[PDB]
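What follows is a set of notes on a single structure, which appears directly below.
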Amino acid sequence: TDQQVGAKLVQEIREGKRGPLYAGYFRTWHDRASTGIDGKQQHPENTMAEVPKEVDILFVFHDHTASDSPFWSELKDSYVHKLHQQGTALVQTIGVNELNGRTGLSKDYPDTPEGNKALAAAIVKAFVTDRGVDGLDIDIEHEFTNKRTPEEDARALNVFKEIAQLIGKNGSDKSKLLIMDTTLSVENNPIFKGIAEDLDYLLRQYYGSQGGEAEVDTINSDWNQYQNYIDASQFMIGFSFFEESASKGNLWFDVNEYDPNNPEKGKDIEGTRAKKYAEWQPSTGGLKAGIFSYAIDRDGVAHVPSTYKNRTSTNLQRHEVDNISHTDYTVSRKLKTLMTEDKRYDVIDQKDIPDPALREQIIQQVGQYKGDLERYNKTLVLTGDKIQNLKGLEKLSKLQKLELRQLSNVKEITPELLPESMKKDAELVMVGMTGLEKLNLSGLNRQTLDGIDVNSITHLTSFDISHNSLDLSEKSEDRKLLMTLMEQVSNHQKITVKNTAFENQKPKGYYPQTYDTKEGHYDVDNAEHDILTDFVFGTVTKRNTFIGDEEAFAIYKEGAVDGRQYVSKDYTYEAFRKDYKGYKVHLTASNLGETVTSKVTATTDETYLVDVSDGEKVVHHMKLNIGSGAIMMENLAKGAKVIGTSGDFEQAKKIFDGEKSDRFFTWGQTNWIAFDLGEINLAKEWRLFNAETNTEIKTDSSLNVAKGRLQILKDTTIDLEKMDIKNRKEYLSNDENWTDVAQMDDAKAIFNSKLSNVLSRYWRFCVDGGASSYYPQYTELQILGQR
Ligand SMILES: [Ca+2]
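Following UniProt numbering, the numbering of the sequence shown begins with 46 at its first residue and continues without gaps.
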């Protein structure tokens with residue numbers, strides 16, 4: 046039957062037995078069996094039956110064909126049969142709107158777990174099972190007018206995962222393909238991220254130029270992201286043939302332009318983007334799966350000339366290439382043989398990897414093709430007693446982790462059996478290397494000997510870990526492992542500088558993860574001190590060996606093992622040390638005033654809270670005393686209850702929260718807020734954050750308060766819970782009931798001044814005028830003191 050031929054075909058594609066693929070989108074209304082809603086045939090010139098063997102997968106791209114057209118029968122009972130005989134699979138294409146509630150069967154089903162599971166079944170039955178084809182393809186493009194809701198995308202993904210339980214690799218019916226095609230980068234494609242593991246292929250349309258001098262920038266940029274979700278052998282890129290009467294916005298120039306001097310110019314692939322795409326390969330991961338064309342029915346038609354690039358549906362500029370004509374699929378076949386002749390898809394053979402057991406495990410993990418070797422960039426795990434030689438492993442030059450497990454019969458590890466990425470900090474794990482006799486890692490800039498099981502290298506006769514970046518100082522763990530290596534050599538041979546090389550190390554420097562001083566101190570010497578130089582300084586090696594200054598580095602360079610000095614002679618402190626380029630120091634004085642400076646001048650008793658930042662995070666926090674210090678003040682006002690104001694009562698309370706993300710002003714040049722601190726405590730200073738302090742809206746200094754008065758309630762005995770709202774407000778507005786404690790007369794961003802040990806529970810702040818004509822604003826008010 047052609048259900049068992051279909052299954053056999055799909056299983057040979059999914060397991061990668063056809064090399065590079067070529068696929069095509071056939072527009073149903075350009076098949077001669079297609080009829081419109083009228084019942085009239087649309088175009089007799091072409092047919093899917095004629096699609097050659099070189100096309101590996103044919104995508105049914107449906108539009109204009111009516112549902113009662115003879116085409117659907119011709120597809121199911123004739124076309125699929127003929128194409129299966131030459132090894133070609135049929136895949137049905139549907140848009141994502143059939144999945145998210147906007148079109149077709151998705152309007153008839155609720156957005157619930159059982160509803161979406163019934164929708165999935167109805168889709169697989171209507172678009173795969175009943176059409177006779179071998180798989181489904183979901184089209185997810187950008188929606189220019191009327192974007193998709195997060196609820197529609199969350200639905201499309203849930204339906205997609207239920208389809209993937211029915212068909213595809215992770216489905217009940219493994220005989221069908223499950224494909225996605227898209228125009229969306231990973232960042233903009235939540236459905237892809239959720240459905241990737243269940244995909245056979247991702248077909249990413251790249252019609253027209255994609256930026257840069259090679260016209261392929263967006264392809265490389267996107268593969269850099271896509272590679273974290275799918276394998277290269279699942280990635281296909283697409284070009285478009287020239288659609289008839291295509292307008293501006295749909296003119297890609299992916300094939301050659303019309304030539305009046307050469308009618309066959311359209312089927313010449315030299316110079317075309319189609320050819321560039323056939324040749325393009327990923328930088329990482331592996332080799333791609335192949336390429337596909339849109340509108341394969343237009344294969345070989347020359348593209349409309351560049352001078353037509355501006356035609357619209359309103360501004361017709363019809364050309365001879367707008368005609369419909371029969372195609373012999375010449376461009377398709379040339380591009381397919383161009384890809385199968387690509388000598389990068391030759392299988393890895395004994396010439397590349399001589400050891401058969403090594404070659405089996407590389408092929409299992411890296412892929413089949415010679416071109417997969419220089420691209421693979423993940424992990425390789427080599428095990429067992431059958432591997433004798435590691436020749437050929439230097440071809441995996443982008444490997445990120447090499448893991449050697451129980452390689453009992455491997456006698457040699459040398460830098461020329463190792464990938465190039467071992468020189469740029471790739472991980473290397475070795476366990477149970479009981480047969481290893483030569484261990485040469487020279488010149489690979491290795492920062493650690495971590496992961497090398499030195500205890501099990503029991504047959505070692507020589508090693509060379511010279512010219513690396515190792516810390517071999519007394520307390521370093523790498524010196525302990527160096528020692529074991531030297532003892533394993535001693536069992537078999539007299540130690541020599543040649544057979545235990547470890548000199549010329551150049552260990553790189555790092556920032557310490559912490560700093561010792563939680564509490565610093567200066568005397569009151571009337572001098573400037575640098576907080577960075579005194580407390581937050583120095584560098585560490587990878588094994589956390591501290592070096593404080595240039596002299597400590599000089600002592601480090603003279604470290605030796607058995608009188609053999611291991612650090613390179615011309616390695617300089619400037620090269621090892623960390624400059625502290627981005628570093629800033631955030632100080633909070635005892636009156637809660639904030640400044641950003643590394644320098645302090647020790648003139649009086651004071652306490653700072655210090656927060657050091659590197660430009661991103663806080664790296665250190667300490668307290669610093671000058672002299673006897675000073676007790677850290679509290680903001681008495683924080684959370685003060687507002688008891689009355691000339692402005693809006695709910696705007697007023699936002700000058701007593703934590704933030705500067707708000708503003709209080711009135712319809713005028715003057716206002717007052719009166720507030721209650723709860724209890725009565727002792728107040729030594731006040732601080733006002735003016736208008737230009739504002740964090741939610743950039744405010745210029747013309748809106749600043751210029752004159753103002755902070756005040757306490759004259760009567761200490763007064764109880765104002767007794768008088769009622771109308772009297773209370775009039776009482777709190779009468780200025781003869783308050784005494785000036787502080788007077789502002791300058792429009793500074795932050796205004797601070799001292800009080801004379803004010804003990805009061807009721808307060809009022811009056812704005813008496815602004816910096817300009819505009820209504821003066823301010824964001825936060827602070828009364829500073831104890832308890
Ligand atoms: Ca505030």
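Beta carbons: idealized from backbone N, C-alpha and C, even for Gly.
At a cut-off of 7 angstroms, the beta-carbon of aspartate 702 counts as near ligand 1: some heavy atom of the ligand is closer than that. In the three-state DSSP reduction, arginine 72 falls in the strand class (E or B). Looking from the CA of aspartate 594, the closest CA among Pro460, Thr584 and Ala471 belongs to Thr584.
Between the segment 516 to 523 and the segment 451 to 459, the count of Cβ pairs shorter than 8 angstroms is below three; the stretches do not touch.
Of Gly416, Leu826 and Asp656, the smallest CA-CA separation from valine 687 is found for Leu826. Around the beta carbon of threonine 138, 16 or more other beta carbons lie within 10 angstroms, which makes this residue buried. Just so you know, the alpha carbons of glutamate 679 and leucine 829 end up roughly 6 angstroms apart. According to DSSP, residue pairing for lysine 644 in a beta bridge involves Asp575. Contact annotation, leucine 527 with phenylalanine 547: C-beta distance approximately 6 angstroms; criterion of less than 8 angstroms satisfied. For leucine 181, DSSP records a beta bridge to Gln137 and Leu223. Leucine 637 and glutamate 737 have their alpha carbons spaced roughly 19 angstroms apart. Of the heavy atoms belonging to ligand 1, none sits nearer than 7 angstroms to the Cβ of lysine 629.
Under DSSP, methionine 281 shares a beta bridge with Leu248 and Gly335.
Counting the other Cβ atoms within 10 Å of the Cβ of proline 65 gives 16 or more, which makes it buried. Distance from the CA atom of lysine 293 to the CA atom of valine 366, rounded to whole angstroms, is 16 angstroms. The shortest CA-to-CA distance from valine 376 to any of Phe598, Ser351, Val105 and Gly345 is the one to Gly345. Distance from the C-beta of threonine 227 to the nearest heavy atom of ligand 1 is not below 7 angstroms.
No residue range can be given for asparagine 749, since it is assigned to no alpha helix (DSSP H) and is classified by DSSP as neither H nor E. Excluding its 5 nearest sequence neighbours in each direction, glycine 81 has C-beta neighbours in its own chain below 7 angstroms: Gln87, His109 and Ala111, listed in chain order. Contact between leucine 505 and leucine 530 holds: CB atoms are separated by about 7 angstroms, below the 8 angstroms threshold.
Less than 8 angstroms divides the Cβ of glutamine 413 from the Cβ of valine 392. Taking the Cα positions, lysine 354 is about 21 angstroms away from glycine 257. Between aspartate 101 and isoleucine 58, the C-beta spacing is below 8 angstroms.
Within 10 angstroms of the beta-carbon of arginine 609 lie fewer than 16 other beta-carbons, which makes it exposed.
Within the chosen limit of 7 angstroms, ligand 1 reaches the beta carbon of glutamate 825 through at least one heavy atom. Counting only residues of its own chain and dropping the five nearest sequence neighbours on each side, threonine 740 has a CB closer than 6 angstroms to the CB of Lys705 and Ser706. The C-alpha of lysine 423 lies about 25 angstroms from the C-alpha of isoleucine 236. In this structure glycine 437 is buried. Its beta-carbon is surrounded by 16 or more other beta-carbon atoms within 10 angstroms. Comparing C-alpha distances from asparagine 368 to each of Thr761, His75 and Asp702 shows the shortest one belongs to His75. Counting only runs of 3 or more residues that sit fully inside the segment 654 to 703, the beta strand (DSSP E) segments are 663 to 671 and 686 to 690, in chain order.
For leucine 296, no alpha helix (DSSP H) encloses it, and the DSSP letter there is neither H nor E. Take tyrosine 618, set aside five residues on each side of it, and the residues of its chain with a beta-carbon closer than 7 angstroms to its own are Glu595 and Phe598, in chain order. DSSP lists no beta-bridge partner residue for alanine 259. Within the same chain, Cβ atoms closer than 7 angstroms to the Cβ of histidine 129 are found at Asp47, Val50, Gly51 and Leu54, the five residues on either side in sequence being excluded. In this structure, DSSP gives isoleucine 742 a state outside helix and strand, which the three-state scheme calls coil. For the 8 angstroms CB-CB criterion, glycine 180 and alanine 134 form a contact.
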